[PDB]
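First listed ligand is number 1; within each ligand, the first listed atom is number 1. Letters go in sequence order (proteins before strands), and every chain restarts at 1.
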Amino acid sequence: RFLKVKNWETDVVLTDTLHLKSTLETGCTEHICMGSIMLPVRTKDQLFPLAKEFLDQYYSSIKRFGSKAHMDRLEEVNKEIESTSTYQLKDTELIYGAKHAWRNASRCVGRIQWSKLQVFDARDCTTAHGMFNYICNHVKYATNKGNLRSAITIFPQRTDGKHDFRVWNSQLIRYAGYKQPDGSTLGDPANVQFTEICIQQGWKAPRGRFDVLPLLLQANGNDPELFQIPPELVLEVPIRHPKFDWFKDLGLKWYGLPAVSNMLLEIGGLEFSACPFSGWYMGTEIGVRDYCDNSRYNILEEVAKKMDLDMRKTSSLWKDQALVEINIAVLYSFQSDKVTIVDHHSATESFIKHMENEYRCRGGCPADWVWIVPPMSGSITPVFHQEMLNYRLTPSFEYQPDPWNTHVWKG
Amino acid sequence: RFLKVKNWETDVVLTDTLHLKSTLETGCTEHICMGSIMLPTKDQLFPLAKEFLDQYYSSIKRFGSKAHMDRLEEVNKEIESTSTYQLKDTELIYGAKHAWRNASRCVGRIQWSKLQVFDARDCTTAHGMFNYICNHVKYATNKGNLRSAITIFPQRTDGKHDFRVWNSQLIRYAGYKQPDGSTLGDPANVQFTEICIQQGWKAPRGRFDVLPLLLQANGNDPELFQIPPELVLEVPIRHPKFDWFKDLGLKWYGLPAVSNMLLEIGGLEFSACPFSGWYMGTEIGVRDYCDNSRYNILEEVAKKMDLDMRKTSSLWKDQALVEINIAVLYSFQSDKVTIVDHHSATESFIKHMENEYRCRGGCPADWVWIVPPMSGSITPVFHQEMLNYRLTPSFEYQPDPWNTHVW
Ligand code: HEM
Ligand code: HEM
Ligand SMILES: Nc1ccc2ccc(CNCCCc3cccc(F)c3)cc2n1
Ligand SMILES: Nc1ccc2ccc(CNCCCc3cccc(F)c3)cc2n1
Ligand SMILES: C[C@H](O)[C@H](O)[C@H]1CNc2nc(N)[nH]c(=O)c2N1
Ligand SMILES: C[C@H](O)[C@H](O)[C@H]1CNc2nc(N)[nH]c(=O)c2N1
Ligand SMILES: [Zn+2]
């Protein structure tokens, strides 16, 4: 079965056959579309097909499918499964795995870059202190003084689900949130709960608007420990506007390195529950969502006030106006300080080119429209006009529940 | 089976059961989501009628009454004998309103029950269709104080006798591709425009020429008709602060009136059923003006504002887009023609979603269409999970009639 997608600005029609290799389910049926729903221990039993399929893919990419080296690896993984009940990836398969999970990430607009991923293998790590060391190295390497480099650090895989490695932070670098007695929040509202756990674990909170959180790190199923990232390692950019001089006086900054740490990487049936990865920001993640979501820093009003917009009717589009300025400021600031960032026009255009190349070479590109279209100026980006097919390939990145909801405390 | 939708900005959770009534299909499966694809007999007819009538009698709190049973009996007799049936006025009105209520792509549905229904099932000729249409336009326009309405022509019979309005909207601007190679007017209608010309229309060949109606009755060849200009309320587009804006020469019409859809009620198909409400500003300022394949004017507007067009990162496109949309809303408001802005339309739809969850057990919504085409995440619909499913009565698309009809 061949599936066509049309771009309605260009009349370019593409044909998907890759969706035919899709295993996992979507959430949808013939009767309901769940395309906007945010979130919709294995036995040997289920493991060997997952391994086989994975190594068939790997061995095809390298043009060795059916080789003696292909067959010997299958038999060797097989034996290891029935013997030890799990198995170890070779270096090369890990690398190829981590790249493919990014490549298959249907919600990621930055995938044109999937083949440039620095993989750090931390599978020999045993302790939280060891994890900190690995994470500091990742953060320094990826930062690279502003010339950001994509990277992933991969800690040991799940075994019995009782010995899990986790990074409890949702991103390696992120700001604290503090709910005040009056009901206001200080700093980032999205991180209040996490901030509270850190405080409980003994972090002494500076309690400012932009306090970088400590790392809370779990090794081998043990209780997590607190660590401070060395500040010299945390690159930050003060936000100013190219024409509005009062902009800097809002006191805003952001960090340069987006590094997601709470996802689960699946490769050939193996589950890597600590696999923090980092790329660089599209400006709208900060300027639209982090600053302007109502449940985040919510600076829209204060910016519009300062701009002396007519705020008495929404039909003045004062919000739309304030939002573009804030986004201009974010990009100006990053570029001025030579920190890598991509605006949303440039990122979405790149993604269309990636997507077409992917249809030409791979037979498809799973893509989640709801996520790929930027959260401002939707129809002036070419992705808005692109039809997309959403489906799940492995290897993949998956969500997992927050560890504080599942962890068995040792004490 | 009882599904949850969460609003991530407010944490409000709503439980959908109304989806279990879904009859039609989505295009999606367990393996592939098609959420962003634009377009994914006697025996047949009786279940359809039955299902519709059961919901009609339930809505008037008469489920299982003699009157309910008798109508089922009566429609059933009419199907078996005539192989079709007729709706009572009351059922017609209920069906049309419900087709709107169930339109999962429509943000404006808080309004669904104030819909003026004009019954034109007694119509027999294009001239008649023209008269009905003019009456609809004038009623709906209401001198700028716009009122929702639909006009319903006779239902399909053997599909050789269809009533069609060939226009996509009752009011739209012409499209002429050039020797010079570009496009004068609205490039979306270039083809319809030549069908008109190659059917007789004398085109003024302007940028904003109201198209002539091309109406088809009883499956006949269709006929041209100019809408009396006096019935076409148009708004000249100016900016509340940029004086030069007025000199771009932009105008838009006040009445959005989709005329190419098919209205399905109780298995009955109404292939000509033009309906109209009023504009959300973004439809004109974002889509009509700025789509690359539409009037595509962002380039010219950015110049006039003297923005740095050297690089995409100055967000000059975004700046100009906002000002264009400020201007649309300003013009319509100044001229007292009804329009709604995207903030206000989406806030209304969230409240409508609330009402429908508590009163009906949910509300089909297509997130991809409902989220406006600018400033997505600063409107509350962005943060609202929605379930999309197909209920009947419904509006459906249908082939452009020039691909179907025979001369
Ligand atoms: C290199 C520069 C990159 C850019 C500009 C980029 C862009 C983005 C953006 C804008 C999103 C949506 C984020 C949100 O709204 O929450 C996203 C999602 C995603 N990205 Fe990328 N990305 C980049 C690199 C990467 C890398 C290196 C990986 C993994 C190796 C990755 C994997 C994903 C995944 C798994 C999601 C889904 C997040 C979720 O479902 O919560 N990204 N990316
Ligand atoms: C009262 C003022 C109204 C507002 C502000 C409104 C808003 C909208 C908007 C913004 C769209 C997306 C249009 C597009 O992007 O092409 C839409 C689609 C739709 N609306 Fe409404 N609407 C209103 C009245 C109505 C009425 C009176 C009906 C029918 C009785 C209706 C039925 C639909 C249908 C069927 C669609 C989508 C059709 C498709 O799938 O292409 N609308 N509406
Ligand atoms: N520039 C980049 C690169 C990769 C990224 C990967 C993930 C994210 C952030 N994802 C956060 C998702 C938070 C969330 C909340 C609720 C539900 C849900 F599914 C996700 C940002 C990136 N930004
Ligand atoms: N204010 C309103 C109210 C109701 C409306 C109903 C329909 C439309 C227009 N829909 C046109 C979509 C055209 C199209 C082309 C190609 C594929 C496809 F799915 C739709 C605008 C409205 N605008
Ligand atoms: C309910 C809805 O799916 C939710 O708001 C999504 C919409 N699209 C998104 N797109 C991106 N990139 N990131 C997000 O957090 C969201 N949130
Ligand atoms: C590819 C995508 O399905 C297509 O561009 C859609 C996106 N969302 C839309 N939303 C609305 N309201 N109207 C549209 O025409 C479209 N076009
Ligand atoms: Zn779907």
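The protein non-hydrogen atom at the shortest distance from atom 12 (N) of ligand 5 is A:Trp371 O, 3.2 Å. Closest protein heavy atom to atom 36 (C) of ligand 1: A:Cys108 CB, 4.4 Å.
Checked by distance only, ligand 5 and A:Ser36 come closer than 3.5 Å through their nitrogen or oxygen atoms. Looking at ligand 5, you'll find an N or O of A:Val370 within less than 3.5 Å of one of its N or O atoms. Remark: ligand 5 and B:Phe382 share an N or O pair separated by less than 3.5 Å (distance only, no angle test). Considering both main-chain and side-chain atoms, B:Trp8 never comes within under 3.5 Å of ligand 5 through any nitrogen or oxygen pair.
Ring centroids of B:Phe382 and B:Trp367 are separated by less than 6.0 Å, placing the two rings close together. Centroid-to-centroid, the aromatic rings of B:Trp252 and B:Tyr173 come within less than 6.0 Å.
Taking every non-hydrogen atom of B:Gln384 and a distance limit under 4.0 Å, the qualifying atoms of ligand 5 come out as 1 (C). Using a 4.0 Å cut-off to heavy atoms of B:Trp367, the atoms of ligand 5 that qualify are 2 (C), 7 (C). Set against the non-hydrogen atoms of A:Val109, the atoms of ligand 1 under 4.0 Å away are 7 (C). Shown in contact with B:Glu385 at under 4.0 Å from a heavy atom are these atoms of ligand 5, numbered in order with element: 1 (C). The distance from ligand 2 to the heavy atoms of B:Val340 drops below 4.0 Å at these ligand atoms: 5 (C).
In B:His383, the part holding a heavy atom less than 4.0 Å from any atom of ligand 5 is the backbone. With a 4.0 Å heavy-atom cut-off, ligand 1 is reached by no atom of A:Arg111. Contacts with ligand 5 closer than 4.0 Å are made by side-chain heavy atoms of A:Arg289 only, the backbone lying farther away. Contacts of A:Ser278 with ligand 1, taken as heavy-atom pairs under 4.0 Å, involve the backbone alone.
The closest non-hydrogen atom to atom 17 (C) of ligand 2, taken over B:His342, B:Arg147, B:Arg105, comes from B:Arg105. Residue nearest to atom 41 (O) of ligand 1, selected from A:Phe397, A:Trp280, A:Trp102, A:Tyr399: A:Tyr399 (by heavy-atom distance). When the heavy atoms of A:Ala101, A:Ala105, A:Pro374 are ranked by distance to atom 34 (C) of ligand 1, first place goes to A:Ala105. Considering only non-hydrogen atoms, atom 10 (C) of ligand 2 lies nearest to B:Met280 out of B:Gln111, B:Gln116, B:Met280, B:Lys97. Evaluated by nearest non-hydrogen atom to atom 15 (O) of ligand 1, the leading choice among A:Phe351, A:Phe277, A:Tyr281, A:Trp371 is A:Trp371. Summarising the contacts of atom 13 (C) of ligand 2 with B:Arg287, B:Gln169, B:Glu283, the nearest heavy atom is found in B:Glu283.
Counting heavy atoms from C-beta on, the side chains of A:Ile372 and A:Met388 come closer than 4.5 Å. Side-chain contact between A:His345 and B:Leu315: present, with at least one pair of heavy atoms (C-beta onward) separated by less than 4.5 Å. A heavy-atom distance below 4.5 Å is not found between the side chains of A:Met34 and B:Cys33.
By the 30° and 60° cut-offs, the orientation of the rings of A:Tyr255 relative to A:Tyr281 is tilted. Between B:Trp112 and B:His98, the ring planes lie perpendicular to each other; the angle is over 60°, past the 30° to 60° tilted range.
Summarising the local packing, NZ of B:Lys138 is surrounded by 12 or fewer heavy atoms from other residues, nucleotides or ligands at distances under 6.0 Å.
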If you apply the rule salt bridge (charged side-chain N to carboxylate O under 4.0 Å, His left out), what do you find for A:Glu398 with A:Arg392, and how did you get there? CA-CA 10 Å; A:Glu398 296 295 343; A:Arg392 294 177 31 155; 3.4 Å; yes

From CA spacing to verdict: salt bridge (charged side-chain N to carboxylate O under 4.0 Å, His left out), A:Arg103, A:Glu358: CA-CA 10 Å; A:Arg103 195 188 183 171; A:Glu358 288 289 68; 2.8 Å; yes

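Considering SG of A:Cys365 and CD1 of A:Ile352, their distance stands at 9.5 Å, rounded to 0.5 Å.
Not a single heavy atom of B:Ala345 sits under 4.0 Å from any atom of ligand 2.
Remark: A:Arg296 fails to qualify as a cation-pi partner of A:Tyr291 under the 6.0 Å distance and 45° angle criteria applied to the six-membered ring.
Using a 3.5 Å distance cut-off with no hydrogens or angles, the side chains of B:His342 and A:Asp320 do pair a donor with an acceptor.
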